[PDB]
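See structure below.
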Amino acid sequence: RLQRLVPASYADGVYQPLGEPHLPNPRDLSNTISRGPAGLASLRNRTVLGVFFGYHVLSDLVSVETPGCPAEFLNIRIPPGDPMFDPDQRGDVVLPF
Amino acid sequence: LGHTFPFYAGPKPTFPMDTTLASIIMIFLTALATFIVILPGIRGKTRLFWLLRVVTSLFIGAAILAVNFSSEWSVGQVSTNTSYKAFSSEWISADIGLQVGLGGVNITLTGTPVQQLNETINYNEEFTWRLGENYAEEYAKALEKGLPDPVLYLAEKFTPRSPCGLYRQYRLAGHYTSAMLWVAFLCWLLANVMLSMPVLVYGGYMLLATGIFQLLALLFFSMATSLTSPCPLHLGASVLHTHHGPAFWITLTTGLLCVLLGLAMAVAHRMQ
Amino acid sequence: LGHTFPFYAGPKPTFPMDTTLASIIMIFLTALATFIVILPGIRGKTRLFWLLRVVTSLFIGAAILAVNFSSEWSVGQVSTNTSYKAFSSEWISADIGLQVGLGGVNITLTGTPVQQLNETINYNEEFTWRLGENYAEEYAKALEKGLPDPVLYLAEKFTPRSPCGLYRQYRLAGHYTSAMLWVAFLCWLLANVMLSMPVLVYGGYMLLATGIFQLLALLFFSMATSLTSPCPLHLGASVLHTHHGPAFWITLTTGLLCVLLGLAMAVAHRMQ
Amino acid sequence: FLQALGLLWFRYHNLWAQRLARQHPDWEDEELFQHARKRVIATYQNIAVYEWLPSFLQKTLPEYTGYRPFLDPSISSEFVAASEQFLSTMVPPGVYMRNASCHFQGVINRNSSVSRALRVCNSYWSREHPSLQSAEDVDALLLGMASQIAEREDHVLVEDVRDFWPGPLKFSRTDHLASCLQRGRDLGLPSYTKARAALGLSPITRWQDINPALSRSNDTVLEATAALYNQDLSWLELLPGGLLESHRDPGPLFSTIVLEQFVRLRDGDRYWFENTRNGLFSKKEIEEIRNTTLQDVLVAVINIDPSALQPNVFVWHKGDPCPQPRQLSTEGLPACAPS
Amino acid sequence: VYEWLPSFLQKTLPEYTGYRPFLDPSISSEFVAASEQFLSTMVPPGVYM
Amino acid sequence: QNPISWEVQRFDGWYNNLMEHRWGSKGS
Ligand SMILES: *[C@@H]1O[C@H](CO)[C@@H](O[C@@H]2O[C@H](CO)[C@@H](O[C@@H]3O[C@H](CO[C@H]4O[C@H](CO[C@H]5O[C@H](CO)[C@@H](O)[C@H](O)[C@@H]5O[C@H]5O[C@H](CO)[C@@H](O)[C@H](O)[C@@H]5O)[C@@H](O)[C@H](O[C@H]5O[C@H](CO)[C@@H](O)[C@H](O)[C@@H]5O)[C@@H]4O)[C@@H](O)[C@H](O[C@H]4O[C@H](CO)[C@@H](O)[C@H](O)[C@@H]4O[C@H]4O[C@H](CO)[C@@H](O)[C@H](O)[C@@H]4O[C@H]4O[C@H](CO)[C@@H](O)[C@H](O)[C@@H]4O)[C@@H]3O)[C@H](O)[C@H]2NC(C)=O)[C@H](O)[C@H]1NC(C)=O
Ligand SMILES: *[C@@H]1O[C@H](CO)[C@@H](O[C@@H]2O[C@H](CO)[C@@H](O[C@@H]3O[C@H](CO[C@H]4O[C@H](CO[C@H]5O[C@H](CO)[C@@H](O)[C@H](O)[C@@H]5O[C@H]5O[C@H](CO)[C@@H](O)[C@H](O)[C@@H]5O)[C@@H](O)[C@H](O[C@H]5O[C@H](CO)[C@@H](O)[C@H](O)[C@@H]5O)[C@@H]4O)[C@@H](O)[C@H](O[C@H]4O[C@H](CO)[C@@H](O)[C@H](O)[C@@H]4O[C@H]4O[C@H](CO)[C@@H](O)[C@H](O)[C@@H]4O[C@H]4O[C@H](CO)[C@@H](O)[C@H](O)[C@@H]4O)[C@@H]3O)[C@H](O)[C@H]2NC(C)=O)[C@H](O)[C@H]1NC(C)=O
Ligand SMILES: *[C@@H]1O[C@H](CO)[C@@H](O)[C@H](O)[C@H]1NC(C)=O
Ligand SMILES: *[C@@H]1O[C@H](CO)[C@@H](O)[C@H](O)[C@H]1NC(C)=O
Ligand SMILES: *[C@@H]1O[C@H](CO)[C@@H](O)[C@H](O)[C@H]1NC(C)=O
Ligand SMILES: *[C@@H]1O[C@H](CO)[C@@H](O)[C@H](O)[C@H]1NC(C)=O
Ligand SMILES: *[C@@H]1O[C@H](CO)[C@@H](O)[C@H](O)[C@H]1NC(C)=O
Ligand SMILES: *[C@@H]1O[C@H](CO)[C@@H](O)[C@H](O)[C@H]1NC(C)=O
Ligand SMILES: *[C@@H]1O[C@H](CO)[C@@H](O)[C@H](O)[C@H]1NC(C)=O
Ligand code: NA
């Protein structure tokens, strides 16, 4: 198991994750925070080789990507009219997670 | 329908009662329904009496089995404010109840209201001291699971090494009471078998023996659970007091009914 | 005698063989001894033939049961120098052997000499993949117990998630081979029962069916264990190669014997 | 690119095995493999802890003082998100391929077109690529990554990560930042304020104190993020707070998390190459390992002149060999494959 | 910690710098014998009242 | 208000450490 700096924060206090409406939608938060122009150079002139070496180090250290059993889904509700995932304004697009 | 996960995203249902009691009730209700279906086939005016007998017999059997498997022998319940979980100073207002049966103890922690601190508090945990089962191992597994503080406290109260000797006396009482109840159930089976035989006297004596064994189980449980030194159960600002639960009184009434039925059968045979 | 502790301070003995095989051998030897005792009661000159039949029957039965419970289907053994335990850089010279059976794998680590590094190295560990048994749980328990490095390595080689798929194929082969061997044992019981009956033809056909099922178990085990991709077992500076063990050849000879006996019985009946 | 790093380390292990075979012709396969693995692990630890971490966190681990048997080195749940986001904020839209003679080659797309760089979103889980067919192509990828400047350490993510991350289920594309937020919620990660409090950092009470430089400029990401959280700073999650804290460096929360995690990893490891009690290396061998950098590994496995790479391949400074032609952007690169 | 230990070991614990969640505080096997003997070497034959 | 405003320390030493619940506990 992984360590914890703070006691686990769950909606039910055991395993149920905190989500909407108590927390903002993950896609809305990502669009609000991470949307911007590409091509901004690193202020420390760090290289891409360093970024992917760090990715290799992370793969060496931790791996929490593969799903567990039983299969639990925490789906990301795509807001209607999302430019990338809901271009047709369907309003029911859901990214499985 | 597919294309989304999971296919059935609704909450998974929980069984609303004890499964052993539910199975016993279902089996005996099925037997009663079959007998009611065949009731018009019972010829003559005897059917009414027949019905009574059948019902009585089934009830007795069911009662015995239920009383042997129900954790309703020593019951207690308080309403308290108590600490809930580790790494949290918040307290919960809840009803804490103890249900000591023959094969173990059921600790109930029901929040008032159930939804407190964004958590559902409706715990009903079981800790068994049956032969071949290690109570200390179960308590250690409960500690590793992280059960709420009142449940862990009441479970540690019944550990074999706890200062107050509830574990040994309750284990002995439950074991021998269960043995006597199984003997009573076997005697009930034999009485049902032999009441069909031409010798009704032996069936009546077997029913009387069933009642006697039920009363003996009652007496042994009372005597073995009364010899214990006073173990003070203090939760929050209140004290939990235990008393003979519904299983004890059901055993009492069923054993008295069997004893009276056997005595009446013997007396009627002697007079007729 | 008392006044000292313990009363029996001698080393506690260890059973010198597998308990299931020992029990099977004891039961069949007891049956053989009873038959030898009653042998003079067998009247006439038939007794010799009778003796043969009895012996054959018992042997067949024993063989089947032994072959069903022996971990001697895929055997291998090497002599290597390998790391022994954690927090220690010392190496041991030992024979490391693999004994894959139907219900699991037995890993043997016998020191050469047994007394190395002030320790007794005669490990014979079992890791079962039988239905209802979790191989991963057993491997985790072995890791927590602290088994020597070669044993842990060979056990992890057979874990369900190990890169080489020995676990799935060996589990399937062992399961269906055990099922076929149980069918063969049932057919042997039926053949023994029906050879006493006046219809000897059905007994001969049942013996032939026993042989057929033994050969089918052999064929299924071979085909299912041959489809596996090559899993290189490398310990120290050597490589462990597995091959069909004594259980495989015992099954072969017993199945061929049963097939030939049934065929001869049918042919003799047809000619006579 | 991650595959290129893996190939680099695989070739480094093979090269060390060959070196040890030359030094000890009588050694068997097992001994050669174990010695090569020991040396490669030591080199990897040294490069990851004393070269990459100081260059990418602007923080240096304290001087090694010995092995700590009673220190828990287990990876924390917060470290996963912190490291993942502090690395994903620097992922470029494309990657250059560079020749040994400071020549940036053209990248042949699967459309057969020629671009100036390898598009990241179109190379995910690439079974085969027309411009990646031999070992020399891997060497060119490594050199281009060494010469290319990564993205800015800010809240902005490229579309290759924000919109075209490999979708693990039912979708060929997904949002990596949304997936990471949902992972942090799944792992029960603490809030930004509680995470700061547990690490002894100064409490943040206003939204504009999360990143004073960010609020100084005209970027309204702080106000919009506060609006999404209903102005409740106590509900701000660890990942958005760490993303907003970054300015020229990972934010104090993420930097502290990664620094303490690596300190615990180094001190709590019995097999750390500097731990003299494990008997893995002598003092001279430990000095050799400390002297080894990623530039040495690249020179060794690529079989290239040392002057073709800067001494610290993690940071490119003026005067270093082969400057990048320009800071890469979405312009001029193949369009990401539609989901 | 701050009165008996400095007086009986002639050593003082370093200044408290905070709680360490990742530090194992379990009593070591050596500590049992060390403390037991360092205390038993000072047991007097008798005790005044 | 509740006079006990803190998390009462357990007598058995359990749950003292956040992730190692058996540290310092009885029987460890
Ligand atoms: C005397 O006591 C006896 C023992 O209690 C009693 O016998 C029992 O009778 C009852 C019926 O009367 C039965 O037991 C119940 O069974 C229910 C269903 O059991 C199945 O499901 C559970 C749930 O598993 C899900 O969740 C866990 C995490 O909680 C995950 O790990 C799982 O993977 C799974 O998750 C999936 O499903 C979720 C559903 O929403 C999804 O959300 C999720 O995404 C996943 O898709 C399984 O764990 C069970 O498997 C276990 O047991 C089997 C067989 O023993 C094993 O083989 C297996 O390996 C497992 O060990 C099974 O599959 C249970 O839900 C129910 O459990 C509740 O009660 C017990 C006892 O009080 C608690 O210990 C337990 O923690 C649960 O309490 C929590 O939840 C309830 C609401 O459900 C709350 O009211 C309660 O307060 C508590 O909430 C707390 O925790 C929550 C998180 O868990 C949190 O959200 C809250 O906020 C709060 O913090 C119960 O066990 C069964 O017949 C008997 N049980 C036995 C014999 O063990 C007997 O009748 C009593 N006698 C008398 C006279 O009364
Ligand atoms: C395929 O494999 C199958 C599995 O192996 C096999 O089935 C098995 O068959 C064998 C017989 O053929 C049987 O298993 C054996 O049983 C022996 C006796 O078992 C009883 O005793 C042990 C010993 O317990 C004492 O010691 C432990 C510590 O070791 C203490 O914790 C105990 O309290 C106890 O201590 C008292 O006694 C000591 C005696 O001297 C005193 O000195 C001491 O002061 C105390 O007074 C018990 O552990 C057993 O209980 C366990 O099992 C039962 C039932 O499963 C559980 O209910 C219970 O809870 C326990 O879990 C039982 O009571 C065992 O001795 C023997 O164990 C050895 O072999 C196994 C397998 O290799 C090892 O895992 C184990 O560690 C032992 O190996 C060590 O010791 C031998 C010498 O005895 C060495 O040769 C060996 O190299 C190794 O030495 C190493 O450790 C030593 C310390 O342990 C150390 O001194 C050395 O220096 C070295 O480091 C074995 O288990 C049984 O029938 C089957 N077992 C099953 C089913 O589990 C099957 O046949 C195989 N198939 C084929 C075809 O071959
Ligand atoms: C529990 O706390 C509530 C709120 O203070 C109080 O009203 C109630 O009386 C308390 N219960 C007991 C048993 O003291
Ligand atoms: C917790 O409970 C309160 C009151 O019952 C409710 O307002 C709130 O939405 C719940 N959830 C959280 C995450 O606070
Ligand atoms: C194990 O080591 C001994 C001692 O050096 C040596 O004689 C023997 O050949 C070795 N065994 C193998 C299989 O290399
Ligand atoms: C260990 O083995 C050696 C040689 O077999 C022997 O001389 C010695 O007495 C044993 N025991 C110890 C504690 O060294
Ligand atoms: C690539 O570099 C080699 C030597 O490193 C040189 O000979 C060759 O001409 C270069 N290729 C181009 C296209 O400049
Ligand atoms: C490491 O490099 C330094 C100079 O940077 C040099 O003085 C020292 O001798 C080197 N150590 C080894 C073992 O080569
Ligand atoms: C950073 O790299 C650019 C080229 O990408 C260069 O012009 C600039 O001088 C470098 N900055 C420093 C401080 O070396
Ligand atoms: Na960026």
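Both ligands and their constituent atoms are indexed starting at 1 by order of listing. Quick note on labels: first sequence line is chain A, next is B, and so on, each numbered from 1. Quick note: numbers below take in every heavy atom, side chains included, and nothing from hydrogens, waters or symmetry partners.
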Q.
With the threshold set strictly below 4.0 angstrom, can you tell me whether any protein non-hydrogen atom sits that near atom 5 (O) of ligand 3?
A. no
**Q.** Closest protein heavy atom to atom 8 (C) of ligand 3, given as residue, atom name and distance to 0.1 Å
**A.** B:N81 ND2, 3.8 Å
Q. Any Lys/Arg nitrogen of A:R35 or D:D163 sitting under 4.0 Å from an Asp/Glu carboxylate oxygen of the other?
A. no
**Q.** D:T89 near the Na ion (ligand 10): N/O/S under 3.0 Å
**A.** yes
Q. What's the O-the Na ion (ligand 10)-O angle here (D:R152, D:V156), rounded to 10 degrees?
A. 150°
Q) Does the pair A:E65/D:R183 count as a salt bridge with the N-to-O cut at 4.0 Å? A) no
Q) Salt bridge or not for D:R162 and D:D175, using N-O below 4.0 Å? A) no
(Q) With respect to C:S238, determine whether any N or O atom, backbone or side chain, lies less than 3.5 Å from an N or O atom of ligand 5. (A) no
Q. Any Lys/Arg nitrogen of C:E90 or C:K85 sitting under 4.0 Å from an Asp/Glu carboxylate oxygen of the other?
A. no
Q. Is the closest protein non-hydrogen atom to atom 12 (C) of ligand 3 under 4.0 Å?
A. yes
(Q) If I consider every N, O or S atom in D:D154, which one ends up closest to the Na ion (ligand 10)? I only need its name. (A) OD1
Q.
Applying a heavy-atom cut-off of 4.0 Å, say which part of C:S79 lies close to ligand 5: side chain, backbone, both or neither.
A. backbone
Q: Determine, for D:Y96 and D:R116, whether the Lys NZ or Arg CZ falls below 6.0 Å from the six-membered ring centre while staying within 45 degrees of the axis.
A: no
**Q.** salt_bridge(D:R173, D:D160) N-O dist < 4.0 Å
**A.** no
